[PDB]
């Protein structure tokens, strides 16, 4: 049941990334605390957001409710293992202990991993470790648990749950700058309709496109977005980035820049991207310019400055620092405003890699085969 | 080393350094920057002025020469700054058209100085130069026009196959 | 052109398009990729070496 | 000392004679494989 | 070994080298405000 | 042309020389029988490269 | 008294190998070097440098050095009974009372293995008897009643130079192997107090005596000593390497040569060089032996890639960064950030912020050309960028304010030879070009001679290594 707790993770990100109205973080943390016993939101807001303007006792009462809850959980721990349970005593205690403080976590994972017995004992354990990680912007939890899973969960698994583990892997692959294996693991589209792991299938589409407009080269672009009309029956609900992708074939750079600003702000205000979203947009820029110049040579940026908006000075500094970033072999001027189609690998590079590696590894093995004697 | 502090210490280093700067050395400059480094940035204008002066010389200004010559006698660095004028002018003899299109009378007047002696005329009649019509060119092609890359590398193939022979 | 439907260079500075494509080089592609795989194999053998050493 | 050092080091260079022992092993292997 | 004088002495971390390479370009509107500049 | 097609199978032998712990009988000592041929090939290539400039003038 | 049995065990395991085994490996052995116990003993010296050596404290005081230095005798085949003496003296530390007989009573203890009997003939036992006691004394340099005794113990090691020079036989492939280490510790203890003055002539004549008769691991190591000597102090005798470049052994210890090329890379870095210095820094970098020694590559790498910082074509260097080096590269991280930035006020404000750590570097050569490096970074970037740029665009993009110093920049860049860029001479206004269609076919196969001739060199080297 991590979808609402994924929304709570987004609450924590709102507490983290936007410090505009810290009461809004206090707002939804108190809203998640007044019911569902969720006190961890309340300590979380106490720390980063406001210091709980009025929640000294209004949430300490529900903290005492969580205290009685945890104490009766740990009492039924012995009341039920009094009876025989096929690791199901510890299974129930780990499930119910995955609400209040990290007390619930330490009575959750210290009582499952020791007697995790079958696929489900770790199926839910790894799903909910992914959730306890995703509440913050974690990667140790949400993939170390996948390591345990590889040791524990699947072993054949389901045609349903294993696709879910793979979609977890892809969900972090888009959370991190792993701009391909997300869409690879999000290539299912027949096994992630709706789940307690899918906070929103439309948000599934968001994470998917925010890795597919990069992983999917033009053939894979049309393969998954266009051809794969399975996601289209659902991405019919978010036409902004969809039409962006539509232009992403005809290469309409004006609307490219419109939606580029749009998605830039969007990522600026979206989870698990705050300290990294910098490249994606300028990467889209350079990649599109690549094909645009690849059209032909005797062309101008000014002829494209229209598509660039008023992009003469914009792209001046832009492509200056981009070629300075060592990108996109091409030619362009100011007094001449050139465009180019160049950089064939089978000119020298397809022959330069030869020594690039047969000297790197050559001397690697050389010194490696030097200390064999000296 | 525990001697009374030397009077002309500050500018004997400067005499040596400006002589070095005149004779165009490449590493004794840096062993000079290593033997006494701590008195170079804080003080010692006889050294502090030549080292940042060298930064300005290989920064791109032969006019900081004259800005500086505003005040550098410095007890008879006059001969050495005359040799510094000489290393201005023969480095102009090199760097006047290294890979330039063409200059005219006025860029001679800017980069060179002393508007027209028989010395820039001596340049035009001493380096193998065409004094064009109020105009300059290195030559008619500037590069002496820079057709068999095959047979020398065929001899290379001879000794190359030879060295691949006698070994296994 | 972007989808290999056309292979060549157009023009607006001269308004004159020119077509060209001669991709296939089995020598470079084939041999170079085989050598890449050879590099991977040598990387593999490096550990046999480092093991039998110590 | 004066004229007594170099040939001792020359017998030391019979590691090249040990190289001949190695090539002897080699040609042993080869001759007997050819016998096979 | 270190037998010398010297004995005297991915979330964004992966994207961090590019970030310091991004530390010189409009870190993250004037892009979009340039639309109405003309 | 066939060299790029032949070496890529004997090149699978180091993948089979992945016999790390204790797994290696005869090493499939067939890594040769292509090199010498390659030798001859580019040998003659260089030969003819010579003979061109040599004979032609 | 239960832990000192571990030095009791490793001490006997050391001089069993060293004394008996390398004496039998000296009697008739060493065809090239059959003294494998010499490298075994240098492994155990690294093992005593990992651990405490033998008796620094070890819950007692001064047990082994008064004990085992007695009675070697090398006689009739019951000298394993003298080894039995060595073994069964070990009831003193466990059972009896320990007493202090090191660092003061060692002065006749060193003369005991000579005054017992005419023990044997070879010097590696003498180098053993003056090294294996006295190297456990050097790494405690607390400068109070311990460093004058390192001083006198290495005066006995100067007597070991005397008995290396006049000992009657290639025992230098044990004694120079130990003497590399102990002469580094000589230089250490001599320069924990002052610069060494006549130890320079000690080192000179010690290099002289190892010239041809026994030229095995002595010349290169004493030359490392001499090089770091001329490195720590004023810089006058690098012309000695420029006139007497005899620096090419078998490059035996495989890390000695690596750090040797590092030190002479610092030399050519401080003489003047970019290219050759950065390539020997690169070769020493990739010739880092392992990372089995914690954070010792790190400070020395901070001073290694100063020349790559001086290239200007370096990104942030973060893949090397030890997290314990981070609090010391708090200047150095912002310094390579100031390499990536073209700001002038930040170029001097990093200096104004971190001049003390720049003095800890102590290399003015970086800042005397790092401004010039900033303008060369600018010219490389922008001259690789545009075909026919103007000098005014780049000039008043990098705050040059006039045409004629931009002309001197472009002129000294042609003189430094990066790009073709000329001047459409009326008032400046550069007319220029890039360079593609330069050449791409016969020019690779020029360098392919060096590629495959280098490959066949390494073929024959693997052949001569297959010989072993």
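Brief remarks follow.
- With both labels modelled 7 Å from their Cα along Cα-to-Cβ, the residue G:344 to residue G:111 distance reads 7.4 nm.
- By average C-beta atoms within 10 angstrom, highest first, the peptides A:214-225, A:277-288: A:277-288, A:214-225
- Put in line by how crowded their Cβ is, counting other Cβ atoms within 10 Å and starting with the fewest, A:253, A:42 read A:253, A:42.
- Footprinting exposure proxy for G:54, G:463 (fewest neighbouring C-beta atoms within 10 Å first): G:463, G:54
- Among F:22, F:44, F:35, residue whose mean-square fluctuation peaks in a GNM of chain F (springs only between Cα atoms under 10 Å): F:22
- Over chain A: helical MRE at 222 nm, DSSP H runs n ≥ 4 each giving -39500 (n - 2.57), nearest 500: -18500 deg cm²/dmol
- Shown is the FRET efficiency for residue G:143 and residue B:86, computed with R0 = 51 Å from the Cβ-Cβ distance and rounded to the nearest 0.05: 0.35.
- Tensor-based shape of the stretch G:257-316 (alpha-carbon gyration tensor, a/c under 1.5 rounded, otherwise prolate or oblate): oblate
- Shape of the stretch A:1-76, Cα gyration tensor, a/c cut at 1.5: oblate
- Whether the stretch G:152-260 is rounded, prolate or oblate, judged on the alpha carbon gyration tensor where a/c under 1.5 counts as rounded: oblate
- Here the label points at residue G:61 and residue G:279, each 7 Å from Cα along the C-beta direction, are separated by 5.9 nm in the simple model.
- With contacts taken as Cα pairs under 8 Å at a separation of at least 6 residues, the stretch G:1-153 carries a relative contact order of 27 percent.
- Burial ordering of G:212, G:47, G:135, fewest other beta-carbon atoms within 10 Å first: G:212, G:47, G:135
- Amide N of the stretch G:245-260 lying under 12 Å from the label point, which is placed 7 angstrom from the Cα of residue B:27 along Cα→Cβ: G:245
- Relative packing of peptides A:82-92, G:280-290 - highest average C-beta neighbours within 10 Å first: G:280-290, A:82-92
- Length-normalised contact order for the stretch G:67-118 - Cα pairs under 8 Å, 6+ apart - percent: 62 percent
- Shielding by other protein chains, F:12-23, mean Cβ within 10 Å: 3
- Cα→Cβ-extended label distance, 7 Å offset, between residue G:254 and residue G:328, nm: 2.7 nm
- With a Förster radius of 25 Å applied to the beta-carbon distance between residue C:29 and residue A:360, the computed FRET efficiency rounds to 0.75.
- The mean number of partner chain beta-carbon atoms within 10 angstrom of a residue's beta-carbon across peptide A:261-271 is 1.
- Test item: C:42-49 mean partner chain Cβ contacts at 10 Å: 5
- The distance separating the Cα centre of the stretch G:78-150 from that of the stretch G:267-299 comes to 40 Å.
- Residues considered: C:16, C:42, C:25. Largest GNM mean-square fluctuation over chain C, using C-alpha springs under 10 Å, is found at C:16.
- For the protein assembly as shown, DSSP calls about 90 percent of its internal beta bridges antiparallel.
- A Förster radius of 22 Å, combined with the Cβ-Cβ distance separating residue B:98 from residue B:137, puts the computed FRET efficiency at roughly 0.95.
- Ellipticity at 222 nm from helices only: DSSP H runs of n ≥ 4 in chain F, each -39500 (n - 2.57), divided by the residue count, give -18000 deg cm²/dmol.
For neighbour counting, all protein chains shown are included, and Cβ atoms are generated from backbone atoms with ideal geometry for every residue, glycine included. Bear in mind that the values in this text are calculations on the coordinates, not laboratory data.
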